[PDB]
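Engineer: My questions all concern the structure below.
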Amino acid sequence: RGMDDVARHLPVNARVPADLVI
Amino acid sequence: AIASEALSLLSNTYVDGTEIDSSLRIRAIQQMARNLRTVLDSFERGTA
């Protein structure tokens, strides 16, 4: 997939109307 | 327990400075440090 961050070794949130139960 | 052809790499280097042998030296170092990372808490778990 990347190989680059391993080949060196060797934003927003909206609110929803929901139904919350525990 | 470590296997055959596993500490013989960690003793000396049969080659002269090859990268794959750096990878093959950092793999055995981990296979020998990980077991220690368990047995250093195993004899604390014995007290449990």
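Just so we're on the same page: first chain in the structure tokens is A, next is B, and so on; residues restart at 1 for each chain, and ligands are numbered from 1 in the order they show up.
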At most 12 Å is the cut-off: for each residue in chain B with any atom that close to an atom of chain A, write down the nearest atom pair and the distance in Å rounded to one decimal, counting only C-alpha atoms, chain first then increasing number, as JSON lines.
Structural biologist:
{"residue": "B:18", "atom": "CA", "partner": "A:10", "partner_atom": "CA", "distance": 11.5}
{"residue": "B:19", "atom": "CA", "partner": "A:10", "partner_atom": "CA", "distance": 8.0}
{"residue": "B:20", "atom": "CA", "partner": "A:10", "partner_atom": "CA", "distance": 8.6}
{"residue": "B:21", "atom": "CA", "partner": "A:10", "partner_atom": "CA", "distance": 9.7}
{"residue": "B:22", "atom": "CA", "partner": "A:10", "partner_atom": "CA", "distance": 6.6}
{"residue": "B:23", "atom": "CA", "partner": "A:10", "partner_atom": "CA", "distance": 5.4}
{"residue": "B:24", "atom": "CA", "partner": "A:10", "partner_atom": "CA", "distance": 9.1}
{"residue": "B:25", "atom": "CA", "partner": "A:10", "partner_atom": "CA", "distance": 9.4}
{"residue": "B:26", "atom": "CA", "partner": "A:10", "partner_atom": "CA", "distance": 7.3}
{"residue": "B:27", "atom": "CA", "partner": "A:10", "partner_atom": "CA", "distance": 9.4}
Engineer: With C-alpha atoms retained, export the selected residues as a short mmCIF file (atom, residue, chain, number, x, y, z; two decimals), in the first residue's frame.
Structural biologist:
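Once everything was written out, this is part.cif:
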data_model
loop_
_atom_site.label_atom_id
_atom_site.label_comp_id
_atom_site.auth_asym_id
_atom_site.auth_seq_id
_atom_site.Cartn_x
_atom_site.Cartn_y
_atom_site.Cartn_z
CA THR B 18 24.95 -6.23 3.00
CA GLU B 19 21.57 -4.60 3.63
CA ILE B 20 19.54 -7.83 3.59
CA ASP B 21 21.87 -9.06 6.34
CA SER B 22 21.00 -5.92 8.29
CA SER B 23 17.35 -6.94 7.95
CA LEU B 24 18.37 -10.51 8.88
CA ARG B 25 20.26 -9.21 11.93
CA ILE B 26 17.36 -7.05 13.14
CA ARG B 27 14.95 -9.97 12.82
#
Engineer: What are the DSSP helix (DSSP H, G or I) residues of chain B, as an MDAnalysis selection string?
Structural biologist: chainID B and resid 8:11 19:45
Engineer: Create the file for the chosen residues now, containing C-alpha atoms and written as a PDB file, in the first residue's frame.
Structural biologist:
ATOM      1  CA  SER B   8      24.948 -18.314  13.816  1.00  0.00           C
ATOM      2  CA  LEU B   9      23.894 -15.089  12.096  1.00  0.00           C
ATOM      3  CA  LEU B  10      24.103 -13.239  15.427  1.00  0.00           C
ATOM      4  CA  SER B  11      27.651 -14.489  16.084  1.00  0.00           C
ATOM      5  CA  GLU B  19      21.567  -4.604   3.628  1.00  0.00           C
ATOM      6  CA  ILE B  20      19.543  -7.832   3.588  1.00  0.00           C
ATOM      7  CA  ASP B  21      21.868  -9.059   6.338  1.00  0.00           C
ATOM      8  CA  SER B  22      21.004  -5.919   8.290  1.00  0.00           C
ATOM      9  CA  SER B  23      17.353  -6.938   7.954  1.00  0.00           C
ATOM     10  CA  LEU B  24      18.369 -10.509   8.884  1.00  0.00           C
ATOM     11  CA  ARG B  25      20.259  -9.210  11.926  1.00  0.00           C
ATOM     12  CA  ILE B  26      17.361  -7.046  13.137  1.00  0.00           C
ATOM     13  CA  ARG B  27      14.951  -9.972  12.818  1.00  0.00           C
ATOM     14  CA  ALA B  28      16.923 -12.322  15.058  1.00  0.00           C
ATOM     15  CA  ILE B  29      17.617  -9.519  17.536  1.00  0.00           C
ATOM     16  CA  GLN B  30      13.842  -9.182  17.869  1.00  0.00           C
ATOM     17  CA  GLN B  31      13.178 -12.922  18.003  1.00  0.00           C
ATOM     18  CA  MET B  32      15.638 -13.045  20.920  1.00  0.00           C
ATOM     19  CA  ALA B  33      14.487  -9.857  22.684  1.00  0.00           C
ATOM     20  CA  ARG B  34      10.756 -10.633  22.467  1.00  0.00           C
ATOM     21  CA  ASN B  35      11.007 -13.848  24.484  1.00  0.00           C
ATOM     22  CA  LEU B  36      12.918 -11.865  27.106  1.00  0.00           C
ATOM     23  CA  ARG B  37      10.134  -9.262  27.016  1.00  0.00           C
ATOM     24  CA  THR B  38       7.795 -12.074  28.127  1.00  0.00           C
ATOM     25  CA  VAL B  39       9.984 -13.952  30.624  1.00  0.00           C
ATOM     26  CA  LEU B  40      10.847 -10.723  32.458  1.00  0.00           C
ATOM     27  CA  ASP B  41       7.170 -10.460  33.472  1.00  0.00           C
ATOM     28  CA  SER B  42       6.529 -14.214  33.637  1.00  0.00           C
ATOM     29  CA  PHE B  43       8.353 -14.440  36.975  1.00  0.00           C
ATOM     30  CA  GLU B  44       6.225 -11.550  38.184  1.00  0.00           C
ATOM     31  CA  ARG B  45       3.135 -13.470  37.060  1.00  0.00           C
TER      32      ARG B  45
END
